[PDB]
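Numbering (the deposited numbering), first residue to last: 64 to 120.
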């Protein structure tokens, strides 16, 4: 479940997580992933747009 961020995204609140273009992240197998998916990086865990990331492996 390794992904890389395609575009910068800035958390606006509501358990969202900021990510940076090129950042590697892990998508947790959260039971409620959807248009948004729960990601994990060194800056925390939180929702990111599913269309802003792409799988790596």
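Built from N, CA and C at the ideal position, the CB exists for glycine as well.
Own chain, CB closer than 8 angstroms to residue i, minus 5 neighbours either side, in chain order
| i | result |
| --- | --- |
| residue 113 | 96, 97, 98, 99, 100 |
| residue 67 | 85, 86, 87, 88, 116, 117, 119 |
| residue 110 | 77, 78, 79, 80, 99, 100, 101, 102 |
Contact check, residue i vs residue j, beta carbons under 9 angstroms
| i | j | result |
| --- | --- | --- |
| residue 64 | residue 92 | yes |
Same chain, Cβ closer than 6 angstroms to residue i, five either side skipped, listed in chain order
| i | result |
| --- | --- |
| residue 73 | 81 |
- List in chain order: all unbroken beta strand (DSSP E) runs of 3+ residues lying wholly within the stretch 68-109. 87-90, 99-104
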